[PDB]
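What follows is a single structure, written as structure tokens, with notes after it.
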Amino acid sequence: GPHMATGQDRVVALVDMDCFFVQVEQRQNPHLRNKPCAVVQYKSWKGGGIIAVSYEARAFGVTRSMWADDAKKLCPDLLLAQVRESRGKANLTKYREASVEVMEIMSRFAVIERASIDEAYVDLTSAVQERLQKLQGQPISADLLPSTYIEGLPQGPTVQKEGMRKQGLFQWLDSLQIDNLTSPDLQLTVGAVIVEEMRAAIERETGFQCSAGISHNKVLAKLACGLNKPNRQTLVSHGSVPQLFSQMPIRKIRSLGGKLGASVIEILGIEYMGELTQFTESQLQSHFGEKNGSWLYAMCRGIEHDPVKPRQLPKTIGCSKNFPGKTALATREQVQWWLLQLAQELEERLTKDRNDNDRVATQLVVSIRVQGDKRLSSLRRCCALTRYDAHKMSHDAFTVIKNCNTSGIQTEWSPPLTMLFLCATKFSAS
DNA sequence: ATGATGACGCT
DNA sequence: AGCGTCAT
Ligand SMILES: Nc1ccn([C@@H]2O[C@H](COP(=O)(O)OP(=O)(O)OP(=O)(O)O)[C@@H](O)[C@@H]2O)c(=O)n1
Ligand SMILES: [Ca+2]
Ligand SMILES: [K+]
């Protein structure tokens, strides 16, 4: 009752760019705009691997991981943009720089947590409180929420998508208590107004469209963002959670998409997030551990406490290349040349990072895979990163992995290497 | 022969 | 430290 927390203390938004890599290429090349198109890397094996897909192309069944030769069988007019290749490997610099453009814009509105190349969480609690004061109780016009969906509405006693959307928005606004400044539903609505403004600024200043979710925590904001894509935003209120979760497959909630979520389903004999409410917290802790059990107990009620962490820059800077099947590295010369290739790209990115961001990495992580292992990584070793010098970094990487060579011959490498990875970590201010 | 990333938990 | 999970 009066002491039962409802997890309505914050306003959190998740902003996610639509078909990011595709939009980056379509901004650069206007011939790709408003067309079925995809982004592909490499080209020789089966036309290249598709890594991003425009919504027009998704209508034909094109998906990520598809070989482009196979995507062309579903969508013969599919247009393709190729990832840049430098020093023999895919180079994602264009997308990292486009990401910085977006993140710097969102940072004007609030402190962000950079979750990925194209996603950021925003804690809007303070900004909402401010905007509510600037209001002083005037109602919020539907005109301020032109691309907002209210999940769960319309409901109660038109056949077009936008008609639905407006009907739900009208019901939501008509029931709002704009007089109470601590009403959570009011706070979410003002949050959504701000997110409309943020999304308009991103589009105005970059050309890029995005979707967003607005709720009271990160999991609900992420789920919300996915409900109405592309180019729309969705508000998921605390009150909408019971119905939303009642048919929500457990795997759709962030962190439950893998083995843990599969075990929740199998051990408890359930399918949907809402079914978790019927277990005590101690029961869930007994099955899934103290941390996971408490998290599930709260999360299935719409409650989660993970803070939006103030972090706009990535914590690691890594360079990786696979050498699949027949191309696995079988000579010391090969291993050494590719370590140098990776190390040169890493040196370039590290020097740029140090000039831009006033920090220096202090640890170099080297990771390899040997032919035969089902695990993505077969060995990971660290060494000191004392100088931004590619030849030194590649020599140190070789020193820390060279005893993996089963070969009795000095020149050969066995088993051959199917993956090389160099990662700079443990940043210090400079 | 998906590939190239990136954050965080466990021991 | 080194490995694994989960995600873009
Ligand atoms: N396995 C994956 C995943 C992502 N990505 C990259 O991260 C970007 C954002 O990932 P995403 O949000 O999951 O997908 P999206 O392309 O933005 O499309 P949308 O968000 O559904 O509109 C993609 O554009 C790139 O394809 C990559 O490389 N491999
Ligand atoms: Ca996206
Ligand atoms: K994303």
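Identifiers for the structure tokens are assigned positionally: chains receive A, B, ... in sequence, residues are indexed from 1 per chain, and ligands are indexed from 1 in the order shown.
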
### Task
Could you please select, counting only C-alpha atoms (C1' of nucleotides), the residues of chain C within 8 Å of chain A and state them as a VMD selection string?
chain C and resid 2 5 to 6 8

Contact check, chain A to ligand 2, at most 8 Å, counting only C-alpha atoms and all ligand atoms, closest pairs as a Markdown table:
| residue | atom | partner | partner_atom_place_in_ligand_line | distance |
| --- | --- | --- | --- | --- |
| A:16 | CA | ligand 2 | 1 (Ca) | 4.7 |
| A:17 | CA | ligand 2 | 1 (Ca) | 4.3 |
| A:18 | CA | ligand 2 | 1 (Ca) | 4.6 |
| A:19 | CA | ligand 2 | 1 (Ca) | 5.4 |
| A:20 | CA | ligand 2 | 1 (Ca) | 5.6 |
| A:118 | CA | ligand 2 | 1 (Ca) | 5.8 |
| A:119 | CA | ligand 2 | 1 (Ca) | 6.8 |
| A:210 | CA | ligand 2 | 1 (Ca) | 7.5 |

#### Entry: Within 8 Å of chain A: residues of chain B, using only C-alpha atoms (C1' of nucleotides), as number ranges by chain
B: 1-7

### Task
Point out the residue among A:235, A:105, A:169, A:225 with the least atom-to-atom distance to ligand 1, counting only C-alpha atoms and all ligand atoms.
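Smallest distance to ligand 1 is found for A:225.
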
### Task
Determine which residues of region 118-295 of chain A receive a DSSP assignment of helix (DSSP H, G or I), computed from the backbone, and state them as a ChimeraX atom specification.
/A:125-135,142-144,161-174,184-206,218-227,238-246,250-252,259-268,273-278,281-288,290-295

### Task
Give me, please, the distance in Å between CA of residue 285 (chain A) and CA of residue 267 (chain A), quoted to one decimal.
12.7 Å

### Message
Using only C-alpha atoms (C1' of nucleotides) for the distances, tell me which of A:376, A:35, A:87, A:245 is nearest to residue 4 (chain C).
### Response
A:376
